[PDB]
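Single chain ahead, written as structure tokens, the form deposited without the partner chain.
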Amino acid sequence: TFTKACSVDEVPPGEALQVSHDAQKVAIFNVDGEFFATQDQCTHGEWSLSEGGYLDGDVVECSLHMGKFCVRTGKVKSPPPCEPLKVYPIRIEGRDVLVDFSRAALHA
């Protein structure tokens, strides 16, 4: 199941939005007009990447320790995080950005 998360126009390029499904929080990033979904919480600590992060192209920085992650793959790009982000498949259906919330994957 792909689930309605947000509208294409709700997240302009270079920006992030937090979405909720059941008990999980997911960050939606618009990289160059394409949408990517990762876990919202940084893996290194209790800090939100959509609300406390900064998006630099396809790379999100966590403001607490300046850890960095690729939003496309979840891959750690800069320390101190040890573990990559969960990433979730994305479908665009017209205006809708859809996330498959049950289908989290990990790079490693």
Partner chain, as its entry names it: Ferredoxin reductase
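Numbering follows the first chain given and starts at 1.
Below, we turn to the form solved in complex with the partner chain, even though it does not appear here.
At a distance of at most 4.5 angstroms from the partner chain in the deposited bound form, all three residues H44, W47 and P79 contribute at least one non-hydrogen atom.
Using a 4.5 Å cutoff between non-hydrogen atoms, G53 counts as a contact of the partner chain in the deposited bound form. The partner chain in the deposited bound form is not approached by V59, whose heavy atoms all lie more than 4.5 angstroms from it.
When contacts are judged by a 4.5 Å heavy atom cut-off, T73 does not count as touching the partner chain in the deposited bound form. In the deposited bound form, at least one heavy atom of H65 sits within 4.5 Å of the partner chain. Residues within 4.5 angstroms of the partner chain in the deposited bound form, judged by any non-hydrogen atom, belong to 80-88 and to none of the other stretches in 80-88, 6-14, 19-27, 93-101.
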